[PDB]
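Asks: So that you have it, the file is query_0.txt, and it contains compact mmCIF, C-alpha atoms (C1' of nucleotides):
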```txt
# COMPACT_ATOMS: atom_id res chain seq x y z
CA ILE A 825 0.00 0.00 0.00
CA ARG A 826 0.94 3.67 -0.13
CA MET A 827 1.02 5.96 2.89
CA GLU A 828 -0.68 8.95 1.27
CA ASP A 829 -3.78 6.88 0.54
CA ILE A 830 -4.16 6.60 4.31
CA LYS A 831 -3.22 10.26 4.65
CA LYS A 832 -5.99 11.12 2.19
CA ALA A 833 -8.50 9.07 4.18
CA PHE A 834 -7.46 10.20 7.67
CA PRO A 835 -5.91 13.68 7.25
CA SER A 836 -6.38 14.78 10.85
CA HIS A 837 -4.23 11.88 12.04
CA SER A 838 -0.68 13.00 12.94
CA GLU A 839 2.60 11.03 12.61
CA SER A 840 2.95 8.17 15.19
CA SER A 841 -0.90 7.67 15.39
CA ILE A 842 -1.54 6.99 11.63
CA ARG A 843 1.67 4.91 11.19
CA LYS A 844 1.52 2.96 14.51
CA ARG A 845 -0.92 0.64 12.67
CA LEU A 846 1.65 0.46 9.82
CA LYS A 847 4.39 -0.19 12.45
CA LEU A 848 3.01 -3.77 12.66
CA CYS A 849 1.91 -5.91 9.62
CA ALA A 850 3.80 -3.61 7.16
CA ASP A 851 7.46 -2.72 6.37
CA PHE A 852 8.63 0.37 4.39
CA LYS A 853 10.42 -1.00 1.30
CA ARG A 854 12.42 1.94 -0.17
CA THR A 855 15.35 0.09 -1.83
CA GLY A 856 15.26 -1.35 -5.38
CA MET A 857 11.77 -2.86 -5.94
CA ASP A 858 8.53 -1.91 -4.11
CA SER A 859 10.29 1.37 -3.33
CA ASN A 860 8.28 3.93 -1.31
CA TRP A 861 5.69 1.22 -0.60
CA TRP A 862 4.63 -0.41 2.66
CA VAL A 863 4.77 -4.09 1.81
CA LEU A 864 3.02 -6.67 3.95
CA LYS A 865 5.26 -8.80 6.16
CA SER A 866 5.65 -12.35 4.90
CA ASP A 867 4.99 -13.94 8.30
CA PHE A 868 1.89 -11.80 8.89
CA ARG A 869 -1.40 -13.53 8.13
CA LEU A 870 -3.80 -10.89 6.88
CA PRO A 871 -7.10 -11.36 8.77
CA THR A 872 -10.09 -12.88 7.02
CA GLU A 873 -13.27 -10.98 6.21
CA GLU A 874 -15.16 -12.13 9.31
CA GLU A 875 -12.29 -11.15 11.62
CA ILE A 876 -12.19 -7.66 10.08
CA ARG A 877 -15.95 -7.49 10.56
CA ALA A 878 -15.52 -8.55 14.18
CA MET A 879 -12.99 -5.75 14.74
CA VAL A 880 -15.34 -2.75 14.30
CA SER A 881 -19.18 -2.79 14.35
CA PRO A 882 -21.24 -0.20 12.43
CA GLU A 883 -23.06 0.94 15.58
CA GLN A 884 -19.72 1.91 17.12
CA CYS A 885 -19.11 4.07 14.05
CA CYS A 886 -22.51 5.71 14.51
CA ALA A 887 -21.74 6.38 18.18
CA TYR A 888 -18.39 7.91 17.21
CA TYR A 889 -20.03 10.09 14.56
CA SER A 890 -22.59 11.28 17.12
CA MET A 891 -19.76 12.13 19.52
CA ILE A 892 -17.74 14.14 17.02
CA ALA A 893 -20.82 15.96 15.67
CA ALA A 894 -21.80 16.93 19.21
CA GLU A 895 -18.20 17.97 19.88
CA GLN A 896 -18.43 20.34 16.88
CA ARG A 897 -21.84 21.79 17.91
CA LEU A 898 -20.66 22.38 21.53
CA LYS A 899 -17.32 23.81 20.28
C1' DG B 1 25.66 14.68 8.95
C1' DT B 2 20.96 17.67 9.42
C1' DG B 3 15.36 17.04 9.23
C1' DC B 4 12.10 14.00 10.84
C1' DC B 5 9.70 9.41 12.72
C1' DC B 6 8.63 6.03 15.97
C1' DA B 7 8.90 4.12 20.54
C1' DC B 8 9.33 4.23 25.33
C1' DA B 9 9.02 6.51 29.72
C1' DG B 10 7.22 9.74 32.88
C1' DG B 11 3.80 12.71 34.64
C1' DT B 12 -0.74 14.19 35.27
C1' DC B 13 -5.54 13.78 35.59
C1' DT B 14 -9.63 11.11 36.34
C1' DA B 15 -12.22 7.41 38.39
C1' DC B 16 -13.25 4.04 41.64
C1' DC B 17 -12.96 2.19 46.20
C1' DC B 18 -12.48 2.20 51.02
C1' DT B 19 -12.85 4.54 55.42
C1' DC B 20 -14.66 7.72 58.52
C1' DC B 21 -17.96 10.73 60.39
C1' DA B 22 -22.65 12.25 61.01
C1' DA B 23 -27.46 11.64 61.31
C1' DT B 24 -31.45 9.09 62.12
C1' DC B 25 -34.10 5.59 63.99
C1' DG B 26 -35.04 2.08 67.47
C1' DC B 27 -34.88 0.09 71.83
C1' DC B 28 -34.39 0.32 76.71
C1' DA B 29 -34.44 2.51 80.69
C1' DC B 30 -36.41 5.62 83.78
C1' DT B 31 -39.93 9.14 84.92
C1' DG B 32 -44.54 10.90 84.84
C1' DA B 33 -49.37 10.45 84.56
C1' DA B 34 -53.57 8.02 84.91
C1' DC B 35 -56.52 4.62 86.56
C1' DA B 36 -57.96 1.29 89.96
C1' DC B 37 -58.41 -0.54 94.37
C1' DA B 38 -58.52 -0.15 99.32
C1' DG B 39 -59.30 2.16 103.53
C1' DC B 40 -61.21 5.46 106.44
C1' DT B 41 -64.90 8.57 107.61
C1' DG B 42 -69.45 10.30 107.68
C1' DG B 43 -74.28 9.85 107.39
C1' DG B 44 -78.48 7.42 107.75
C1' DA B 45 -81.40 3.93 109.48
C1' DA B 46 -82.87 0.69 112.80
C1' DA B 47 -83.28 -1.08 117.31
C1' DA B 48 -83.43 -0.75 122.15
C1' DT B 49 -84.16 1.48 126.36
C1' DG B 50 -86.28 4.92 129.20
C1' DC B 51 -90.97 6.79 129.16
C1' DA B 52 -96.25 9.13 131.75
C1' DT B 53 -100.79 9.53 132.86
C1' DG B 54 -103.85 6.93 134.29
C1' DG B 55 -104.59 3.97 138.00
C1' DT B 56 -103.27 1.79 143.93
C1' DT B 57 -104.45 1.02 149.47
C1' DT B 58 -104.28 3.65 153.82
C1' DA B 59 -108.36 6.14 156.33
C1' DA B 60 -111.83 10.00 157.97
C1' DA B 61 -114.11 14.43 158.39
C1' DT B 62 -118.79 14.70 156.38
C1' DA B 63 -124.39 12.88 153.65
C1' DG B 64 -127.75 11.07 149.96
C1' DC B 65 -128.90 6.76 148.25
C1' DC B 66 -129.53 2.10 147.58
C1' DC B 67 -129.18 -3.00 147.95
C1' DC B 68 -129.91 -6.19 151.20
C1' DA B 69 -130.72 -8.25 155.23
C1' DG B 70 -132.36 -9.02 159.49
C1' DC B 71 -136.37 -9.68 161.60
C1' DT B 72 -140.43 -9.48 163.74
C1' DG B 73 -145.09 -9.30 163.44
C1' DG B 74 -149.07 -11.39 161.35
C1' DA B 75 -151.54 -15.12 159.44
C1' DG B 76 -152.50 -19.83 158.70
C1' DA B 77 -152.44 -24.55 159.87
```
Represent the structure of the file as structure tokens.

Replies:
Amino acid sequence: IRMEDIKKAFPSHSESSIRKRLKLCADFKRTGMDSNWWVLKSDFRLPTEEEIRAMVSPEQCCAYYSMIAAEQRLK
DNA sequence: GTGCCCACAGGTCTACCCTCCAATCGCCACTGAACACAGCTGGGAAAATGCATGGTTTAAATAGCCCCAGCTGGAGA
């Protein structure tokens, strides 16, 4: 993957925060091939679709959106 | 060898838990009040005792009256 795809999706995320999830599972290849890409580690098993669905629920996303909208209105 | 990133450590702030203090309620102990029972006093009722005007016998000074009772004369056998 590329880092600025994630920086386009989450632009409020700073340094450490946005790349602490790239710290694990990914490694910054910059030499020869795959240069300036974050390749997936060969020992890392990418989680299946049901595990990724079990990570975050849509209702948690709605609760987070309610929190940040109320944060804006109060601010 | 200078900008810039990630990781680890430290500090601060928030949350939860435990401890202490205060307040309230309940129970027990003591005090006060009320009710009930007993005793003493006072009043009323009943019973018992102390009554009073009649009588009484003792004459006698009288006198009318009245039953009876002798009793003696008269009559009959």

Asks: Please identify every residue of chain A that has at least one atom no more than 12 Å from any atom of chain B, counting all atoms listed in the file, and report them as a PyMOL selection string.

Replies: chain A and resi 838-848

Asks: Record the distance separating CA of residue 864 (chain A) and CA of residue 828 (chain A), expressed in Å with one decimal.

Replies: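 Result for CA of residue 864 (chain A) versus CA of residue 828 (chain A): 16.3 Å, one decimal.
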
Asks: What is the CA of residue 862 (chain A) to CA of residue 832 (chain A) distance in Å?

Replies: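 We find that CA of residue 862 (chain A) and CA of residue 832 (chain A) lie 15.7 Å from each other.
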
Asks: Would you mind reading off the distance between CA of residue 891 (chain A) and CA of residue 878 (chain A), one decimal, in Å?

Replies: 21.8 Å

Asks: Enclose all atoms of region 831-849 of chain A listed in the file in an axis-aligned box, grow every side by 8 Å, and hand back centre and edge lengths in Å to one decimal, as lines of an AutoDock Vina configuration file.

Replies:
```
center_x = -2.1
center_y = 4.4
center_z = 8.8
size_x = 28.9
size_y = 36.7
size_z = 29.2
```

Asks: Identify which of the residues A:852, A:889, A:868, A:861 lies closest to residue 826 (chain A), counting all atoms listed in the file when measuring atom-to-atom distances.

Replies: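 Closest candidate: A:861.
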